[PDB]
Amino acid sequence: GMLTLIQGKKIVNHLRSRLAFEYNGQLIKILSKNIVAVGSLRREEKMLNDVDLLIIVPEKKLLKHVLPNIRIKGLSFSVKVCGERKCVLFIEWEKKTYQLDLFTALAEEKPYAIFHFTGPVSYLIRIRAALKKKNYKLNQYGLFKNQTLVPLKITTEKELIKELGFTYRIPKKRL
């Protein structure tokens, strides 16, 4: 069920105004500023296996509800797997079935989440390997030295990459 970069962007553009979740009866819309395209789509690969969306949820209490009660106005989908942090959907788009992957992160995690979910995997592996040799650990939630969050005065992914000590490259060029 493969698709083009253009089809990818069409769908993401369509979902951007339509994602919401049920929170104890009421239907809360997810805001565009908290929807970030990730994976191969953000890396502008000509062909994609799926669409990967990162949702930034504004508080920890809400994690229990967003993905497990995710809603998409006017589009039929089925749920393959679903937990608080990762959700996989099969959506119907123009009489065709496409795979939509949803992930979640808290605001304090945004740049780590983006850095992780942008990929590619081989780039994650090598960046992390390097940090391990200097006794740091990195993941989707933060940077670490001996079980402790390194507080970093940074907001964007670019700021994080440069803080970590690596060449910043646009997603297309990461490898």
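Counting begins at 1, following the sequence as shown.
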property: Stretch exceeding the other in mean C-alpha B-factor - 31 to 39, 145 to 153; result: 145 to 153
property: Of 18 to 26 and 163 to 171, the one with larger mean CA B-factor; result: 18 to 26
property: Deposited CA B-factor, highest of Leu131, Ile55, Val121, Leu48; result: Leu131
property: Which of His65, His116, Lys110, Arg126 ranks first by CA B-factor in the deposited coordinates; result: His65
property: CA B-factor ranking of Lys86, expressed as a third of its chain; result: lowest
property: Entry-reported Cα temperature factor of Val79, expressed as the chain third it lands in; result: middle
property: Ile72 - Cα temperature factor, lowest/middle/highest third of chain; result: highest
